[PDB]
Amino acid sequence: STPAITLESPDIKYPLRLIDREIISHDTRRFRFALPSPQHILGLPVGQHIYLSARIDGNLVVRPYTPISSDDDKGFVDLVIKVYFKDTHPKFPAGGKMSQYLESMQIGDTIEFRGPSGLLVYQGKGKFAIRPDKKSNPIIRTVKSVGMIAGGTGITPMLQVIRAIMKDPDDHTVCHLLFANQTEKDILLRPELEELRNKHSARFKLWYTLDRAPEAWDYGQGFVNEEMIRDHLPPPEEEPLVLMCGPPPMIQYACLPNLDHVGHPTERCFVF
């Protein structure tokens, strides 16, 4: 109520105006959108995301994104987007629908936001409120540590939580992040993650892994396995929560079964 929220109902689409573009690398962008007034906030609880929706080439396309801005930000929302260009991966000649749609927007164009959405909310100081499904009440579990597995753009739901914890000097939850990508080129938001690690090392552990690592590389190599789970996530005996977001293949065949191997109950594993 104090600051006016933009996402007043989840059943409503809000056309937000694109006000700024930023080329980060060849295929990664930051887009900024104007909230309805400069004193609005988004209205997005930690742990949840929004959907963009648009009519692209005659079809309705809906996709989830987690902003890198937060409810402290007045007047705007920022998204970091990986663009899947056509005519690039000869085996995905068409590219990605939504990300190329965003790449093509001009300053002034609008796009429809809706939310908040998602089964998990972070309540602070270790309190996670997790719905078994969209229609049931949340179960509330209090952890002292959170393990996090992210592939590609899956980092933006981790970062939102990481930040939410580090802002709060009274939040002593320890976050352990294992970040998987294809090539060093593809470590999205590396400077942000490393600045946070520089300041908050006692509450933030960070480790990468790469499918095709360069010759000078100090971190993991290959897919997520038993050993990386043991070495870079809190142990199952600490009763940690474990969060996952990334390409469905990695989550389903690389993460979940090995999490089961090591001993993390599936009740303490959550996929965004």
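We number the residues from 1 along the sequence you see.
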{"item": "Stretch with the greater mean C-alpha B-factor as recorded in the entry, comparing 11-19 against 257-265", "value": "257-265"}
{"item": "Higher-B stretch (mean Cα B-factor, as the entry records it), 66-74 or 226-234", "value": "226-234"}
{"item": "Highest-ranked of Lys134, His200, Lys82, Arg163 once sorted by CA temperature factor in the record", "value": "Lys134"}
{"item": "Highest recorded Cα temperature factor - choice among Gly58, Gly43, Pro36, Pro240", "value": "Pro240"}
{"item": "Where the record places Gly124 (Cα B-factor, split into thirds across the chain)", "value": "middle"}
{"item": "Chain-relative CA temperature factor third for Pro138", "value": "highest"}
{"item": "Within-chain third of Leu52 by Cα B-factor, per the entry", "value": "middle"}
{"item": "Among modelled residues of the same chain, the CA temperature factor third for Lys86", "value": "highest"}
{"item": "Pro93, C-alpha B-factor rank within chain (lowest, middle or highest third)", "value": "highest"}
